[PDB]
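Quick notes on the structure that follows.
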Amino acid sequence: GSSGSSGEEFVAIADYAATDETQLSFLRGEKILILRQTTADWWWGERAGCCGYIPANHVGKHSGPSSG
């Protein structure tokens with residue numbers, strides 16, 4: 001199947017739309033995988049069978065109790 005190998009699960013604080021063909025587009029809440037950070041501004045995420053870069057602001061927060 002498709003198993004993850006070390007990653008950071010995050011949630012989009014707001015729906016975003018990749019402006020380039022090197023960005024990932026998700027919807028607020030979407031579980032974004034922060035493969036690598038690299039920069040404190042640009043993060044390296046990974047979509048479904050996709051691999052692109054993601055910004056550092058649209059994603060944040062953490063998972064736990066009371067998620068809605």
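Each chain in the structure tokens gets a letter, A, B and so on, in the order shown; residues start at 1 in every chain, and ligands are counted from 1 in the order they appear.
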### Message
Going by DSSP on the backbone, which residues of chain A come out as strand (DSSP E)? List them as a VMD selection string.
### Response
chain A and resid 9 to 12 31 to 36 42 to 46 52 to 55 59 to 60
### Task
Show which residues sit within 12 Å of residue 17 of chain A, as a list in words. Count only C-alpha atoms, and ignore same-chain residues fewer than 2 positions away.
residues 12, 14, 15, 19, 20, 21, 22, 23, 24, 25, 26, 27, 28, 54, 55 and 58 of chain A
Export, as a PDB file, in the first residue's frame, the selected residues with N, CA and C atoms.
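Result file part04.pdb:
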ATOM      1  N   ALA A  12      -4.348  22.290   7.982  1.00  0.00           N
ATOM      2  CA  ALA A  12      -4.391  23.583   7.322  1.00  0.00           C
ATOM      3  C   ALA A  12      -5.305  24.524   8.109  1.00  0.00           C
ATOM      4  N   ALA A  14      -6.269  27.073   7.134  1.00  0.00           N
ATOM      5  CA  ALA A  14      -7.108  27.712   6.135  1.00  0.00           C
ATOM      6  C   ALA A  14      -6.820  27.097   4.764  1.00  0.00           C
ATOM      7  N   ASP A  15      -7.884  26.925   3.993  1.00  0.00           N
ATOM      8  CA  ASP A  15      -7.760  26.350   2.664  1.00  0.00           C
ATOM      9  C   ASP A  15      -6.790  27.195   1.837  1.00  0.00           C
ATOM     10  N   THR A  19      -0.091  28.272  -6.039  1.00  0.00           N
ATOM     11  CA  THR A  19       0.015  29.251  -7.108  1.00  0.00           C
ATOM     12  C   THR A  19       0.939  28.738  -8.213  1.00  0.00           C
ATOM     13  N   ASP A  20       1.795  27.800  -7.837  1.00  0.00           N
ATOM     14  CA  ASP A  20       2.734  27.219  -8.781  1.00  0.00           C
ATOM     15  C   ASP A  20       2.479  25.714  -8.888  1.00  0.00           C
ATOM     16  N   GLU A  21       3.216  25.085  -9.792  1.00  0.00           N
ATOM     17  CA  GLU A  21       3.080  23.653 -10.002  1.00  0.00           C
ATOM     18  C   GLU A  21       4.054  22.891  -9.101  1.00  0.00           C
ATOM     19  N   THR A  22       4.534  23.586  -8.080  1.00  0.00           N
ATOM     20  CA  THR A  22       5.469  22.988  -7.142  1.00  0.00           C
ATOM     21  C   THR A  22       4.943  23.117  -5.711  1.00  0.00           C
ATOM     22  N   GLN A  23       3.664  23.450  -5.611  1.00  0.00           N
ATOM     23  CA  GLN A  23       3.031  23.609  -4.314  1.00  0.00           C
ATOM     24  C   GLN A  23       1.877  22.616  -4.160  1.00  0.00           C
ATOM     25  N   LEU A  24       1.497  22.387  -2.913  1.00  0.00           N
ATOM     26  CA  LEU A  24       0.412  21.466  -2.618  1.00  0.00           C
ATOM     27  C   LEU A  24      -0.823  22.259  -2.188  1.00  0.00           C
ATOM     28  N   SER A  25      -1.973  21.810  -2.668  1.00  0.00           N
ATOM     29  CA  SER A  25      -3.228  22.466  -2.342  1.00  0.00           C
ATOM     30  C   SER A  25      -4.063  21.571  -1.424  1.00  0.00           C
ATOM     31  N   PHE A  26      -4.523  22.164  -0.332  1.00  0.00           N
ATOM     32  CA  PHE A  26      -5.332  21.435   0.630  1.00  0.00           C
ATOM     33  C   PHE A  26      -6.460  22.314   1.176  1.00  0.00           C
ATOM     34  N   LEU A  27      -7.303  21.700   1.993  1.00  0.00           N
ATOM     35  CA  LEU A  27      -8.422  22.411   2.586  1.00  0.00           C
ATOM     36  C   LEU A  27      -8.267  22.420   4.108  1.00  0.00           C
ATOM     37  N   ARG A  28      -8.656  23.536   4.705  1.00  0.00           N
ATOM     38  CA  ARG A  28      -8.566  23.684   6.148  1.00  0.00           C
ATOM     39  C   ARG A  28      -8.992  22.390   6.842  1.00  0.00           C
ATOM     40  N   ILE A  54       5.298  23.305   0.591  1.00  0.00           N
ATOM     41  CA  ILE A  54       4.200  23.991   1.250  1.00  0.00           C
ATOM     42  C   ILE A  54       4.756  25.146   2.087  1.00  0.00           C
ATOM     43  N   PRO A  55       3.919  26.209   2.226  1.00  0.00           N
ATOM     44  CA  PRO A  55       4.316  27.377   2.995  1.00  0.00           C
ATOM     45  C   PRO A  55       4.257  27.091   4.497  1.00  0.00           C
ATOM     46  N   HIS A  58       0.072  28.465   6.620  1.00  0.00           N
ATOM     47  CA  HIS A  58      -1.229  27.907   6.292  1.00  0.00           C
ATOM     48  C   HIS A  58      -1.483  26.662   7.144  1.00  0.00           C
TER      49      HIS A  58
END
### Nearest-residue call for residue 34 of chain A, choices A:65, A:49, A:9, A:59, using only C-alpha atoms
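Result for the nearest residue to residue 34 of chain A: A:9.
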### Message
Which residue is closest to residue 57 of chain A? Choose from A:3, A:45, A:13, A:29 and count only C-alpha atoms.
### Response
A:13
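In this model, the gap between atom CA of residue 8 of chain A and atom CA of residue 35 of chain A comes to 6.1 Å.
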### Task
Just the residues within 10 Å of residue 33 of chain A, please, counting only C-alpha atoms, with nothing from its chain fewer than 2 positions along; format it as a count of residues only.
20
